[PDB]
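Comments concern the structure below.
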Amino acid sequence: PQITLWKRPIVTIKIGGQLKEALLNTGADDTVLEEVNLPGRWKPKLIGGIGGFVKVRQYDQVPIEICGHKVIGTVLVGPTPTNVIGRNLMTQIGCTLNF
Amino acid sequence: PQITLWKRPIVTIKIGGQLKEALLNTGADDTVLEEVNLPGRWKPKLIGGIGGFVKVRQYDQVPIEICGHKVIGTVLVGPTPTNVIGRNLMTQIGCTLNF
Amino acid sequence: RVXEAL
């Protein structure tokens with residue numbers, strides 16, 4: 001599949017038994033989600049963005065299904081205005097920019 | 001070209017006669033640059049991001065070269081840890097996501 | 001509108 005950039009590139013994920021919408025974000029090194037409930041131990045981290053830094057929990061080896069592809073990676077859970085899928089997962093599904 | 005996402009997708013732009021590097025950012029909407037000086041009248045605006053909000057100058061109809069493709073769009077000038085090309089210009093150069 | 005690094 002190929003997605004143009006005339007509207008936000010939003011896809012559907014499954015993670016932790018929950019379904020969410022999330023933004024394909026080539027401007028993000030990492031994947032950040034709000035209001036997902038993940039099991040197990042995590043570590044605290046802080047991420048920066050435009051306009052500031054936010055405190056998050058880091059979960060490793062979280063299985064995630066992104067547009068019907070199954071991948072596994074680190075998922076940050078914390079206050080984000082929109083769910084974001086970053087490069088750490090986009091590489092897993094083979095996603096590229098083309099022009 | 002084709003750009004994989006194993007490293008940040010950074011391109012070289014030319015804008016207002018100056019050269020800059022910028023991150024191709026599919027999670028943006030808008031283009032924001034840090035230290036350029038564009039001629040003419042602007043409008044003040046606030047943009048939102050992950051950690052908060054920033055106050056910027058909106059310039060319209062700014063010519064810009066993005067990997068040799070010549071494009072005209074709105075560019076926002078203000079506080080940002082990295083220059084960012086958003087969907088507004090990326091649609092002009094034909095950029096898409098592929099997987 | 002606009003989205004992240006550690």
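By convention here, the chains of the structure tokens are called A, B, ... in the order presented, each chain's residues are numbered starting at 1, and ligands are numbered starting at 1 in the order presented.
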
Residues of stretch 7-90 of chain B in alpha helix (DSSP H), written as a compact mmCIF listing (two decimals) with C-alpha atoms, in the first residue's frame:
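File result.txt, as written:
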# COMPACT_ATOMS: atom_id res chain seq x y z
CA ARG B 87 2.74 17.71 4.58
CA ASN B 88 1.96 21.12 3.12
CA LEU B 89 5.20 20.98 1.06
CA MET B 90 5.58 17.27 0.85

**Request:** Excluding stretch 44-55 of chain B and any residue of its chain fewer than 2 positions from it, enumerate the residues within 6 Å of it, using only C-alpha atoms, and give them as a ChimeraX atom specification.
**Result:** /A:49-54,80 /B:57 /C:1-3

Taking only residues of chain B that have an atom at most 7 Å from an atom of chain A, what is each one's shortest atom pair and its distance in Å to one decimal, using only C-alpha atoms, in chain and number order, as JSON lines?
{"residue": "B:1", "atom": "CA", "partner": "A:99", "partner_atom": "CA", "distance": 5.4}
{"residue": "B:2", "atom": "CA", "partner": "A:98", "partner_atom": "CA", "distance": 4.6}
{"residue": "B:3", "atom": "CA", "partner": "A:97", "partner_atom": "CA", "distance": 4.9}
{"residue": "B:4", "atom": "CA", "partner": "A:96", "partner_atom": "CA", "distance": 4.7}
{"residue": "B:5", "atom": "CA", "partner": "A:91", "partner_atom": "CA", "distance": 5.8}
{"residue": "B:6", "atom": "CA", "partner": "A:91", "partner_atom": "CA", "distance": 6.2}
{"residue": "B:23", "atom": "CA", "partner": "A:27", "partner_atom": "CA", "distance": 6.5}
{"residue": "B:24", "atom": "CA", "partner": "A:27", "partner_atom": "CA", "distance": 6.5}
{"residue": "B:25", "atom": "CA", "partner": "A:27", "partner_atom": "CA", "distance": 4.2}
{"residue": "B:26", "atom": "CA", "partner": "A:25", "partner_atom": "CA", "distance": 5.1}
{"residue": "B:27", "atom": "CA", "partner": "A:25", "partner_atom": "CA", "distance": 4.3}
{"residue": "B:49", "atom": "CA", "partner": "A:50", "partner_atom": "CA", "distance": 4.8}
{"residue": "B:50", "atom": "CA", "partner": "A:49", "partner_atom": "CA", "distance": 4.8}
{"residue": "B:51", "atom": "CA", "partner": "A:52", "partner_atom": "CA", "distance": 3.6}
{"residue": "B:52", "atom": "CA", "partner": "A:51", "partner_atom": "CA", "distance": 4.4}
{"residue": "B:53", "atom": "CA", "partner": "A:51", "partner_atom": "CA", "distance": 4.7}
{"residue": "B:54", "atom": "CA", "partner": "A:51", "partner_atom": "CA", "distance": 5.4}
{"residue": "B:80", "atom": "CA", "partner": "A:50", "partner_atom": "CA", "distance": 5.8}
{"residue": "B:81", "atom": "CA", "partner": "A:50", "partner_atom": "CA", "distance": 6.8}
{"residue": "B:87", "atom": "CA", "partner": "A:5", "partner_atom": "CA", "distance": 5.8}
{"residue": "B:91", "atom": "CA", "partner": "A:5", "partner_atom": "CA", "distance": 5.7}
{"residue": "B:93", "atom": "CA", "partner": "A:99", "partner_atom": "CA", "distance": 6.6}
{"residue": "B:94", "atom": "CA", "partner": "A:99", "partner_atom": "CA", "distance": 5.4}
{"residue": "B:95", "atom": "CA", "partner": "A:99", "partner_atom": "CA", "distance": 4.5}
{"residue": "B:96", "atom": "CA", "partner": "A:4", "partner_atom": "CA", "distance": 4.8}
{"residue": "B:97", "atom": "CA", "partner": "A:97", "partner_atom": "CA", "distance": 5.0}
{"residue": "B:98", "atom": "CA", "partner": "A:2", "partner_atom": "CA", "distance": 4.6}
{"residue": "B:99", "atom": "CA", "partner": "A:95", "partner_atom": "CA", "distance": 4.6}

Write the selection just made, keeping N, CA and C atoms, as a PDB file, in the first residue's frame?
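selection.pdb, written as the output of this step:
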ATOM      1  N   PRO B   1      13.701  10.325  -5.197  1.00  0.00           N
ATOM      2  CA  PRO B   1      14.347   9.120  -4.663  1.00  0.00           C
ATOM      3  C   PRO B   1      13.465   8.304  -3.691  1.00  0.00           C
ATOM      4  N   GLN B   2      14.068   7.284  -3.101  1.00  0.00           N
ATOM      5  CA  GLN B   2      13.429   6.497  -2.084  1.00  0.00           C
ATOM      6  C   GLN B   2      14.253   6.723  -0.819  1.00  0.00           C
ATOM      7  N   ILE B   3      13.566   6.971   0.287  1.00  0.00           N
ATOM      8  CA  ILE B   3      14.196   7.175   1.583  1.00  0.00           C
ATOM      9  C   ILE B   3      13.662   6.122   2.605  1.00  0.00           C
ATOM     10  N   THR B   4      14.551   5.232   3.068  1.00  0.00           N
ATOM     11  CA  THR B   4      14.219   4.340   4.191  1.00  0.00           C
ATOM     12  C   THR B   4      14.270   5.137   5.505  1.00  0.00           C
ATOM     13  N   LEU B   5      13.824   4.501   6.574  1.00  0.00           N
ATOM     14  CA  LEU B   5      13.612   5.226   7.819  1.00  0.00           C
ATOM     15  C   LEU B   5      14.517   4.672   8.923  1.00  0.00           C
ATOM     16  N   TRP B   6      15.563   3.945   8.515  1.00  0.00           N
ATOM     17  CA  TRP B   6      16.574   3.463   9.447  1.00  0.00           C
ATOM     18  C   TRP B   6      17.332   4.634  10.096  1.00  0.00           C
ATOM     19  N   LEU B  23      13.978  18.059   8.498  1.00  0.00           N
ATOM     20  CA  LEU B  23      13.469  16.708   8.626  1.00  0.00           C
ATOM     21  C   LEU B  23      12.130  16.529   7.890  1.00  0.00           C
ATOM     22  N   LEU B  24      12.085  15.565   6.965  1.00  0.00           N
ATOM     23  CA  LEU B  24      10.832  15.195   6.288  1.00  0.00           C
ATOM     24  C   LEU B  24       9.921  14.559   7.314  1.00  0.00           C
ATOM     25  N   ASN B  25       8.783  15.210   7.561  1.00  0.00           N
ATOM     26  CA  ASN B  25       8.022  14.921   8.756  1.00  0.00           C
ATOM     27  C   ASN B  25       6.555  14.775   8.454  1.00  0.00           C
ATOM     28  N   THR B  26       6.176  13.527   8.269  1.00  0.00           N
ATOM     29  CA  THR B  26       4.812  13.180   7.878  1.00  0.00           C
ATOM     30  C   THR B  26       3.771  13.378   8.985  1.00  0.00           C
ATOM     31  N   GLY B  27       4.272  13.550  10.209  1.00  0.00           N
ATOM     32  CA  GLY B  27       3.441  13.901  11.349  1.00  0.00           C
ATOM     33  C   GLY B  27       3.388  15.402  11.611  1.00  0.00           C
ATOM     34  N   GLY B  49       2.640  20.974  19.599  1.00  0.00           N
ATOM     35  CA  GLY B  49       3.430  19.786  19.329  1.00  0.00           C
ATOM     36  C   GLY B  49       3.287  18.889  20.526  1.00  0.00           C
ATOM     37  N   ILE B  50       4.194  17.919  20.633  1.00  0.00           N
ATOM     38  CA  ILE B  50       4.178  16.999  21.754  1.00  0.00           C
ATOM     39  C   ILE B  50       4.373  17.657  23.129  1.00  0.00           C
ATOM     40  N   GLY B  51       5.329  18.551  23.310  1.00  0.00           N
ATOM     41  CA  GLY B  51       5.488  18.979  24.719  1.00  0.00           C
ATOM     42  C   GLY B  51       4.783  20.269  25.131  1.00  0.00           C
ATOM     43  N   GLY B  52       3.927  20.819  24.269  1.00  0.00           N
ATOM     44  CA  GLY B  52       3.475  22.187  24.404  1.00  0.00           C
ATOM     45  C   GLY B  52       3.315  22.946  23.070  1.00  0.00           C
ATOM     46  N   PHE B  53       3.359  24.270  23.150  1.00  0.00           N
ATOM     47  CA  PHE B  53       3.025  25.142  22.027  1.00  0.00           C
ATOM     48  C   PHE B  53       4.084  26.203  21.905  1.00  0.00           C
ATOM     49  N   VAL B  54       4.249  26.678  20.683  1.00  0.00           N
ATOM     50  CA  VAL B  54       5.255  27.674  20.337  1.00  0.00           C
ATOM     51  C   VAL B  54       4.610  28.757  19.458  1.00  0.00           C
ATOM     52  N   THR B  80      12.181  25.737  17.304  1.00  0.00           N
ATOM     53  CA  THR B  80      12.001  24.311  17.032  1.00  0.00           C
ATOM     54  C   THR B  80      13.337  23.669  17.162  1.00  0.00           C
ATOM     55  N   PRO B  81      13.406  22.494  17.815  1.00  0.00           N
ATOM     56  CA  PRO B  81      14.698  21.844  17.952  1.00  0.00           C
ATOM     57  C   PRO B  81      15.288  21.391  16.591  1.00  0.00           C
ATOM     58  N   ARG B  87       3.542  18.163   5.731  1.00  0.00           N
ATOM     59  CA  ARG B  87       2.736  17.712   4.577  1.00  0.00           C
ATOM     60  C   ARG B  87       2.417  18.822   3.607  1.00  0.00           C
ATOM     61  N   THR B  91       3.359  17.310  -0.096  1.00  0.00           N
ATOM     62  CA  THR B  91       2.402  16.976  -1.136  1.00  0.00           C
ATOM     63  C   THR B  91       2.833  17.587  -2.484  1.00  0.00           C
ATOM     64  N   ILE B  93       5.953  18.050  -3.665  1.00  0.00           N
ATOM     65  CA  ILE B  93       7.034  17.376  -4.329  1.00  0.00           C
ATOM     66  C   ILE B  93       6.637  15.951  -4.669  1.00  0.00           C
ATOM     67  N   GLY B  94       5.396  15.561  -4.355  1.00  0.00           N
ATOM     68  CA  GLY B  94       4.895  14.228  -4.656  1.00  0.00           C
ATOM     69  C   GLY B  94       5.191  13.130  -3.622  1.00  0.00           C
ATOM     70  N   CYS B  95       5.701  13.502  -2.445  1.00  0.00           N
ATOM     71  CA  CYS B  95       6.131  12.531  -1.457  1.00  0.00           C
ATOM     72  C   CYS B  95       5.031  11.610  -0.911  1.00  0.00           C
ATOM     73  N   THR B  96       5.291  10.293  -0.844  1.00  0.00           N
ATOM     74  CA  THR B  96       4.321   9.314  -0.297  1.00  0.00           C
ATOM     75  C   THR B  96       4.937   8.309   0.693  1.00  0.00           C
ATOM     76  N   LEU B  97       4.102   7.675   1.514  1.00  0.00           N
ATOM     77  CA  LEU B  97       4.556   6.541   2.318  1.00  0.00           C
ATOM     78  C   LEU B  97       4.210   5.235   1.642  1.00  0.00           C
ATOM     79  N   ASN B  98       5.173   4.325   1.666  1.00  0.00           N
ATOM     80  CA  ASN B  98       5.106   3.046   0.992  1.00  0.00           C
ATOM     81  C   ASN B  98       5.470   1.883   1.910  1.00  0.00           C
ATOM     82  N   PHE B  99       4.596   0.881   1.957  1.00  0.00           N
ATOM     83  CA  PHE B  99       4.931  -0.402   2.601  1.00  0.00           C
ATOM     84  C   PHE B  99       4.067  -1.557   2.081  1.00  0.00           C
TER      85      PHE B  99
END

**Message:** Show me, as a list in words, the residues that have an atom within 7 Å of stretch 63-70 of chain A when counting only C-alpha atoms, minus same-chain residues fewer than 4 positions from it.
**Reply:**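 Once the nearby chain positions are removed, what remains is residues 11, 12, 13, 14, 15 and 93 of chain A.
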
**All strand (DSSP E) residues (DSSP, backbone) inside stretch 17-52 of chain A, as number ranges by chain** = A: 18-24, 32-33, 43-49, 52

Take the residues that were just selected and, keeping C-alpha atoms, output them as a PDB file, in the first residue's frame.
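After the write, result_26.pdb holds the following:
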ATOM      1  CA  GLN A  18      -6.924  -2.771  22.258  1.00  0.00           C
ATOM      2  CA  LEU A  19      -7.556  -1.054  18.936  1.00  0.00           C
ATOM      3  CA  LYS A  20      -6.230   2.427  18.413  1.00  0.00           C
ATOM      4  CA  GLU A  21      -5.684   4.993  15.674  1.00  0.00           C
ATOM      5  CA  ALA A  22      -2.213   6.349  15.197  1.00  0.00           C
ATOM      6  CA  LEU A  23      -0.265   8.761  13.088  1.00  0.00           C
ATOM      7  CA  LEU A  24       2.557   7.514  10.837  1.00  0.00           C
ATOM      8  CA  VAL A  32       4.130   7.209  21.696  1.00  0.00           C
ATOM      9  CA  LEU A  33       0.657   6.278  22.755  1.00  0.00           C
ATOM     10  CA  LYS A  43      11.147   2.339  32.750  1.00  0.00           C
ATOM     11  CA  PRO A  44      10.500   6.137  33.086  1.00  0.00           C
ATOM     12  CA  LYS A  45      11.781   8.344  30.211  1.00  0.00           C
ATOM     13  CA  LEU A  46      11.286  11.849  29.011  1.00  0.00           C
ATOM     14  CA  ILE A  47      10.713  12.796  25.372  1.00  0.00           C
ATOM     15  CA  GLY A  48      11.055  16.135  23.673  1.00  0.00           C
ATOM     16  CA  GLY A  49       8.926  17.539  20.932  1.00  0.00           C
ATOM     17  CA  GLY A  52       8.506  20.878  25.316  1.00  0.00           C
TER      18      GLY A  52
END

Distance table requested - chain C against chain A, cut-off 7 Å, only C-alpha atoms: one row per qualifying residue with the closest atom pair and its distance in Å to one decimal, ordered by chain and rising residue number, as a Markdown table.
| residue | atom | partner | partner_atom | distance |
| --- | --- | --- | --- | --- |
| C:3 | CA | A:49 | CA | 6.7 |
| C:4 | CA | A:28 | CA | 4.4 |
| C:5 | CA | A:29 | CA | 5.4 |
| C:6 | CA | A:47 | CA | 4.4 |

**Asked** Distance atom CA of residue B:16-atom CA of residue B:38, one decimal place?
**Response**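 Separating atom CA of residue B:16 from atom CA of residue B:38 is a distance of 5.8 Å.
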